[PDB]
Ligand SMILES: CCCCN(CCC1CCCCC1)Cc1ccc(C(=O)N[C@@H](CCSC)C(=O)O)c(-c2ccccc2C)c1
Ligand SMILES: CC(C)CCCC(C)CCCC(C)C[C@@H](O)P(=O)(O)O
Ligand SMILES: [Zn+2]
């Protein structure tokens, strides 16, 4: 019934309910390597875990024993394995479990096994009701926990739960427009619901994107998303895009723009356009500013867009 | 002077557009501590600590390799990695590994290896492609009739076939998860121990592609944000699978490149996220691959001197912001050193120092001439020679 942190906690050898079994010292061989000096409490638990695992004992006591083997190292997939087992056999209450895993995850969110263990439970109960809210709370401590988002994408696909996600995305968007993860979330909720082929849809987004662009000129997300949802069809397909981006040179310049243009001019040089000679330099020019001025660190790269574009546009 | 130090380099600072969101703030704080480091030369700056603690990281590695405090209790189930980082890191730094440990290491890994293929976090744990990778990718650094024999290539294959899924991607461990990370391990391993059947990764290339999102990079699993670690996995797996071109290489390059910080000099695993040493390999590890990609594809433009990233500004970061006084390397200034970083933080230096696209070669060793590490294979992150040896071995079977 105890805990590993309660003062009244006792090792297992010093226990009754655990005296009818012998511990299994981890054999690290005669001459150990990368060996750990496990604390008394820790080393003890596992010596006992093994003994169980090794005896495939599907006991109610082994179960509790796991919780502890998990606290000592919730990253131990083996212990997690033998746990689901005990859940299977002892036929444990799974909500009783959900409550436990919500805890743990809340505690060690940057973990793998603790998440995947929540997915397993969920697909078992076939009930994701709790999910969207949970994940959300996790995301409210770390608006960027990979796992959290991933777990969320799954929970949304497997259970067709879109309806109120695009709102969510918009919400967190206010909170921190720079959140690249959220931006990826958007293009998940759209490409999978309405898609961007829709004239109104692609229209709507691009507009808005640009909005966030003007509001915060250096938000490298807004830009990657603008180039993101318009790159497949090619940019040469949307002429107006080249003019609007020009009304930003003043109080809105940003190397995030300098490049978009170049990018644009690239797609243009790939679609027989008028002035197949006026752009080819109007851009090779813009590659200079980048490598030598605005975005020098990426000089090596730019000094390749330059070469590439020349290498295939001359004589 | 050093690029990172240069005066006008303080133009590449953060412009938050007079706006503020957690991302802004955090990036802000980092830029502070990172600046403080560079500026920290105003009083004396003759022979800068632009040194690489060869001997200092060595104690950390030499010792940590034989015993680790109760602190490492969290790696309890990933012990073979703790071997892999160290053995590698040494090779990078270049310290011959004592032929007596050689056995012990092997004798150890032989104890994790499940009777049902693959290896385990430690003695008596279920097989799992991460340690299994670590272990095998480790045994190969040792490259001895002893290491090579440790691996039960027969069973390894069966294990692999078990994690094998329909859509192509493999599970991580039995009943575990799935993400590029998985495929890379399978590939990395199978190829080395040359155990690939024409029906193993059937579809896998196809899947690793469904991973490349709208950002040109790759994500854990389809639909997930672009991430450098997974990306390396995805690409590398495909360089093995000989499918590079299956992706949108141009949409990819564009991204990686944007992953370098226009200030610090290192990389960020994801757009709008703090910089981080280990990614110096995860991200910058990509270009040496993307190179083999294009060149193969038949592209002129490709340089003949460097990789497509600021190699200097990277070393200029790994050196001034990632080394520990005590020893070992780390994430960003003021962060508990650990054998992981100590590994990938260096692998990320070898990358930035060496170039070998074609029969030609040209290094760029920043700091003192005593900072040149041994080469590191772009796809396995192990002796570019221990790799050739490894394969040129199992093949005879
Ligand atoms: C802000 C979040 C940081 C995530 N980060 C973990 C940092 C670790 C580094 C090592 C000392 C303790 C802190 C990176 C990371 C991501 C995924 C994995 C990863 O692959 N995930 C598995 C690794 C299983 S090894 C059996 C997991 O169970 O968590 C790993 C990794 C890699 C090798 C060994 C141990 C670990 C944690 C590290
Ligand atoms: C195992 C590999 C070959 C590569 C792993 C690369 C990584 C550093 C993976 C990063 C995992 C992610 C998505 C981040 C998590 O730590 P979190 O969701 O807490 O942000
Ligand atoms: Zn890191």
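Using ideal geometry, Cβ is built from the backbone for each residue, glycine included, and neighbour counts are taken over all protein chains shown. A short reminder: the numbers here are calculations on the coordinates, not readings from a lab.
Observations
- Verdict on residue B:355 being more than 16 Å from ligand 2 (Cβ to nearest atom), part of a loop (DSSP other than H, G, I, E, B) and within 14 Å of another protein chain (Cβ to nearest Cβ): yes
- Out of B:228, B:234, sole residue that is under 28 Å from residue A:76 (Cβ atoms), more than 12 Å from chain A (Cβ to nearest Cβ) and touching a strand residue (DSSP E or B) at 6+ places or on another chain (Cβ under 8 Å): B:234
- Selection within the range B:273-289 - closer than 21 Å to residue B:220 by Cβ, away from ligand 2 (no atom under 13 Å from the Cβ) and surrounded by 22 or more Cβ atoms within 10 Å (Cβ to Cβ): B:275, B:284
- Scanning the range B:225-268 for residues that are within 16 Å of ligand 1 (Cβ to nearest atom) and surrounded by fewer than 23 Cβ atoms within 10 Å (Cβ to Cβ) turns up just one, B:268.
- Condition check for residue B:168: outside any helix (DSSP H, G or I), more than 10 Å from chain A (Cβ to nearest Cβ) and within 16 Å of ligand 2 (Cβ to nearest atom): no
- The sole residue among B:296, B:236 that is within 13 Å of ligand 2 (Cβ to nearest atom) and over 21 Å from residue B:214 (Cβ atoms) is B:236.
- Residue A:36 satisfies every condition listed in (1) surrounded by fewer than 21 Cβ atoms within 10 Å (Cβ to Cβ); (2) more than 23 Å from residue A:88 (Cα to Cα) except (1).
- Note on the range A:266-315: residues that are more than 14 Å from every other protein chain (Cβ to nearest Cβ) and touching a helix residue (DSSP H, G or I) at 6+ places or on another chain (Cβ under 9 Å) total 10.
- Given (1) over 26 Å from residue A:231 (Cβ atoms); (2) within 16 Å of ligand 3 (Cβ to nearest atom), index of the condition residue B:232 fails: (1)
Residues checked against (1) within 22 Å of residue A:186 (Cβ to Cβ); (2) surrounded by 20 or more Cβ atoms within 10 Å (Cβ to Cβ):
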position: A:215; (1), (2): yes, no
position: A:223; (1), (2): yes, yes
position: A:260; (1), (2): yes, yes
position: A:272; (1), (2): no, no
position: A:280; (1), (2): no, no
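- When residues of the range A:146-190 are limited to those that are in a loop (DSSP other than H, G, I, E, B) and within 8 Å of chain B (Cβ to nearest Cβ), the one surrounded by the most Cβ atoms within 10 Å (Cβ to Cβ): A:178
- Given (1) away from every other protein chain (no Cβ under 14 Å); (2) within 24 Å of the chain's Cα centre (by Cα); (3) under 30 Å from residue B:90 (Cβ atoms), index of the condition residue B:153 fails: (2)
- When B:352, B:359 are checked against the criterion of being under 18 Å from the mean Cα position of the chain (by Cα), more than 16 Å from ligand 1 (Cβ to nearest atom) and either free of Cβ contacts under 8 Å to residues at least 12 places away in the same chain or crowded, with 22+ Cβ neighbours inside 10 Å (or both), a single residue qualifies: B:352.
- Looking at the range A:55-145, the helices (runs of 4 or more DSSP H) lying wholly inside it that each contain 3 or more residues that are within 30 Å of residue A:164 (Cβ to Cβ) and either more than 10 Å from chain B (Cβ to nearest Cβ) or within 16 Å of ligand 1 (Cβ to nearest atom) (or both) sit at A:94-107, A:113-125, A:131-139.
- Residues that are near ligand 3 (Cβ under 10 Å from one of its atoms) and out of contact with any strand residue (DSSP E or B) (no Cβ under 8 Å at 6 or more places or on another chain) within the range B:331-347 comprise B:331, B:332, B:335, B:338, B:340, B:344, listed in sequence order.
- Residue in the range B:296-307 that is surrounded by 23 or more Cβ atoms within 10 Å (Cβ to Cβ) and either touching a residue at least 12 places away in the same chain (Cβ under 8 Å) or within 16 Å of ligand 3 (Cβ to nearest atom) (or both) present: yes
- Taken over the range B:75-105, the criterion of being more than 21 Å from the chain's Cα centre (by Cα) and within 7 Å of another protein chain (Cβ to nearest Cβ) is satisfied by B:76, B:101, B:104, B:105.
- If you go through the range B:172-222 and pick out every residue that is over 20 Å from the mean Cα position of the chain (by Cα) and more than 9 Å from chain A (Cβ to nearest Cβ), you end up with 17.
- Listed by position, the helices (runs of 4 or more DSSP H) inside the range A:196-315 whose residues that are closer than 26 Å to residue B:310 by Cα number at least 1 are A:220-230, A:255-268, A:279-288, A:299-311.
- Residue A:85 meets each of the listed conditions (1) surrounded by 15 or more Cβ atoms within 10 Å (Cβ to Cβ); (2) within 20 Å of residue B:75 (Cβ to Cβ) apart from (2).
- Helices (runs of 4 or more DSSP H) (entirely within the range B:62-164) containing at least 3 residues that are within 16 Å of ligand 3 (Cβ to nearest atom) and crowded, with 19+ Cβ neighbours inside 10 Å: B:79-93
- Residue match in the range A:53-71 (condition: within 30 Å of residue B:59 (Cα to Cα) and more than 34 Å from the chain's Cα centre (by Cα)): no
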